[PDB]
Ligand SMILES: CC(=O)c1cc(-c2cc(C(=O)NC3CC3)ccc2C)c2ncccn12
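There is one chain below, alone, in structure tokens, taken in the form solved without the ligand.
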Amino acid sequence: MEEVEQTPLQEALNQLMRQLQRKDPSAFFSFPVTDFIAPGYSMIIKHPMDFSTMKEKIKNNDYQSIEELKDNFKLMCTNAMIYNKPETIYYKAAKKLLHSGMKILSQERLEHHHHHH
């Protein structure tokens, strides 16, 4: 019992990532950072968890909880801002993405309006 209910959840999460990635800033972080794609994320930020890595995990039911998505998504945002000073749009990109991901995250799990506090 209970198994097919996991598929529907994955669909909703995939929508949030797709809509969030479609924003603009995610276009740069839409792939696993490397020694070329990143200034040294793998060297300083051990667990960056890019939008590409996280989305791939969602397809495997790795992401099916608001806490799981936020923890990983937040890690990249926090890790991206720490290893990226306000140079041009990299700093703003991470901040803007965080706000976009948070607002969209409250779309898949909407009981009515709010929750508490």
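Residue indices: 1-based, along the sequence shown.
Omitted here: the form deposited with the ligand bound. The next part is about that form.
Among residues of the shown chain, residue 38 is one whose heavy atoms approach the ligand to within 4.5 Å in the bound PDB entry.
Remark: residue 33 counts among the residues lining the ligand in the bound PDB entry, judged by a heavy atom distance of 4.5 Å or less. Though the partner is left out of this view, residue 64 does not reach within 4.5 Å of the ligand in the bound PDB entry, counting heavy atoms only. In the bound PDB entry, residue 42 stays away from the ligand, with no heavy atom inside 4.5 Å.
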